[PDB]
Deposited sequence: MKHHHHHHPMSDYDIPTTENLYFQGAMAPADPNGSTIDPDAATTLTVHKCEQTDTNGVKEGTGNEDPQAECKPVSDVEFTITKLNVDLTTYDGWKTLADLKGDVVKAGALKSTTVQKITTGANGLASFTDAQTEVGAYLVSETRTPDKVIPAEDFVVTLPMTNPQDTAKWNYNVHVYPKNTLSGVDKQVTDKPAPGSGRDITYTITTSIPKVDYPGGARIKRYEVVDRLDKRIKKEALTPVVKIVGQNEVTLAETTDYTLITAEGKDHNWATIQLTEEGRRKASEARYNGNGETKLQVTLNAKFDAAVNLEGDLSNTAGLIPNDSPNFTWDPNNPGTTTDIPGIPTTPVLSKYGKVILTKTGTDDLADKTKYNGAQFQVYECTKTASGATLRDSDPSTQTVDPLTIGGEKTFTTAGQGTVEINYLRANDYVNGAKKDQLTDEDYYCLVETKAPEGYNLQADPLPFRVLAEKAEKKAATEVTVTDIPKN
């Protein structure tokens, strides 16, 4: 057959590449693609004859409207489910010369669906416009740009202080002016049981170009529940909240998102040693595979819906040992020394203490586990429980550290027979110790009188 015109009896294939993150028709060997298995694609042949100019003209007239293409659907349908390599490889047995509507028709809960799209077999090869390409490769786009969770714990160096979580989730684009509405939209947070689930004081916004704040009851309701190994908080948009979201996204773009702020609170003496992990998930539609019931998590442990990566806060124990240049074997002589703790900047002359509460003129020490003063006892020791790692803050490792990234002990009362210190004493709590619940061991040496 002639190479320049369409061969009605040509063998064809259609290969859909399903990737976690996201069109020439040619295979693109990298092409960064983390393949996604177990996703079903359905192709439906359209009622256009691509062996005729009129068939191509019908497609052109759609001006890329995929919903209008749906009006051309035949009853000729084929399906394939991706394997480990994320490919849905429709064969020559499954495809013929013509146009197809391609839709992702089964999607594991955690996976973002592809957008529907139309493909032709063959395509004119843009890399060689003298060729008809009968073996088409397509890399579909995600319908949602992402879901993300952040933590702000820079304000919480001492354990038990407030931590803020911010969850930001894509909103599906639906045909708002046509009457289409998101039918279900829930943001679920899997809460560590150390957080007070009854005191989250949520704030919900639609962010992007021009942000708005949504109203509880009117636009959403917060539903919390006890769980097995965690507790649970769901922000569930109401009919009006869903309407606002549907509209905002339609008039906006992919970066028009819901933003949920949760204000996590603790008992002051909370045992935060180690990692405090938080994860959220998005349920973006009313598909029956999302069986989450915000009021009945039952024994669920995995986050429902499309998950964020977890975010961590890391708090460590400090064990302070008090001694002296006299090195007495009777360690009880080093009891009764008192200390307070600050964030500080190490300097050539010691350290500059940072005021823990800038609202007042007095330079205040940190409140750590509800306490400000730590007194040696026993064998001249005291535990300071617990301090957030200096090198892990706001949900990320601080790759580079500076002299600003310190805590300081200040000796506020010397043990009997000893001097106070000349300077504050800088130290760090490192994530490598805190995340393993390993103590940070600091020795303070006193000068005898």
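Positions of the deposited sequence absent from the coordinates, in order: 1-31, 54-60, 488.
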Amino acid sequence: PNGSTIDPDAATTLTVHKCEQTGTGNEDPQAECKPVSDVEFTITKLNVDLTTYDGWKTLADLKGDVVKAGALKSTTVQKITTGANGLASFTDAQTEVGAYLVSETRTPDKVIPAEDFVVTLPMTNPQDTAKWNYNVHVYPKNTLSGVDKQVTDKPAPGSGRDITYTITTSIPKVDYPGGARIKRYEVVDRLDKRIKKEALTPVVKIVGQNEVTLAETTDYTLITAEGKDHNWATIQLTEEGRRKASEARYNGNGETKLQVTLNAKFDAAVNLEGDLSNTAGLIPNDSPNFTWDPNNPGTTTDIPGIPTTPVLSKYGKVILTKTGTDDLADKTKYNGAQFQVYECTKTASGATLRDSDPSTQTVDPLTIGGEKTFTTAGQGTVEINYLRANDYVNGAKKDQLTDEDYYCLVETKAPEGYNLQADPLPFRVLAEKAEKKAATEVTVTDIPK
From here on, numbers count along this sequence of modelled residues.
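Between 164-172 and 355-363, the higher mean Cα B-factor belongs to 355-363. The PDB entry records a higher mean C-alpha B factor for 253-261 than for its counterpart among 253-261 and 118-126. Highest CA B-factor among the listed residues (396, 387, 69, 50): 69. Take 307, 274, 324, 288 and read off each C-alpha B-factor from the entry; 288 has the highest. Among all modelled residues in its chain, residue 403 ranks in the middle third by Cα B-factor. When the CA B factors of the chain's modelled residues are split into thirds, the value for residue 16 lands in the middle one. Among the modelled residues of the chain, residue 239 sits in the highest third by CA temperature factor in this PDB entry. When the modelled residues of the chain are ordered by C-alpha B-factor, residue 426 sits in the lowest third.
For residue 9, the recorded CA B-factor ranks within the highest third of the chain. Only modelled residues enter the ranking.
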